[PDB]
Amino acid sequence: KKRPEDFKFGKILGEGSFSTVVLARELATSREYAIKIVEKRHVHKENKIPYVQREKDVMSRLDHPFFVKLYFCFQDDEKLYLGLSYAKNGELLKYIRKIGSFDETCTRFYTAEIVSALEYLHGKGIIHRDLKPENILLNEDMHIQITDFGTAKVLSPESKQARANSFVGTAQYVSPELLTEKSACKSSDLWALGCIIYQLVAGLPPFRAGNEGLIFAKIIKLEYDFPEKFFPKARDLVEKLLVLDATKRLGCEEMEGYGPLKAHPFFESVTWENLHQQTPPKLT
């Protein structure tokens, strides 16, 4: 087990409502890590322990190039530490906001990586439940690094569990089924995927309003529009993901999974193998 004095801390990378992520160098290796730190008193006081434990447990299960890797964990008398790969280029949302929207080649490439990641995650019987540009980081090579697994769910294989009951998510990306049926499924992530593709091309997510309730009302009514100029095959893909019936979204188990999704005409030119070894297109 590593200790805090095994590291030299540098700048703070960001701060959550009960966590701090700090850039750290390991003295014995000179390796860089992003260390997530929570105060035991705070999580003990604010009933956050199940989230801490969840994040650890879920990240321990992941072994794939498009996720933030968990390398190690430790604790002292005041804090819990999560040793993570450092995503040098930060959040995808930053780039969306900076350039306003992605061209077709970039939209295709980053959508393909997110599909690849979700194929992996769902293959392991895990639902993310809070997929959004803020939670998709970018490494030094500008490949994606999905994060934020404290609100993920490992579905039980023993019971062939399909639905998750905890109420979690972000209003702009939350699925109609969690709102109306009060449970989420793997396909709830595909709804988020549709929202993100939309956002990449249009510059904003499709259901938006100045408070959550209004957004909820738009979601359950499928109330949204495409801007006049939206890549047509991408619009078709979005219309196949933003479907109220969760059993009818392209990529869901009832539609026979990721095969048909990866075969969508929007991905015609994609080479799905060793995606993580291709040079990403420049966002420019």
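One rule holds for the numbers: they count along the sequence shown, beginning at 1.
Higher average CA B factor: 16-24, of the stretches 262-270 and 16-24. Here the stretch with the larger average CA B-factor, out of 186-194 and 81-89, is 81-89. Of the residues listed, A34, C252, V43, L237, the entry assigns the biggest Cα temperature factor to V43. Set against one another, the Cα B-factors of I49, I215, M59, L244 in the record reach their highest point at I49.
For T111, the recorded CA B-factor ranks within the lowest third of the chain. Only modelled residues enter the ranking. Placement of the Cα temperature factor of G203 within the chain: middle third of the modelled residues, per the deposited record. Among the modelled residues of the chain, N211 sits in the highest third by CA temperature factor in this PDB entry. Annotation for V174: C-alpha temperature factor in the lowest third relative to the rest of the modelled chain, per the entry. When the modelled residues of the chain are ordered by their C-alpha B factor, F167 lands in the highest third.
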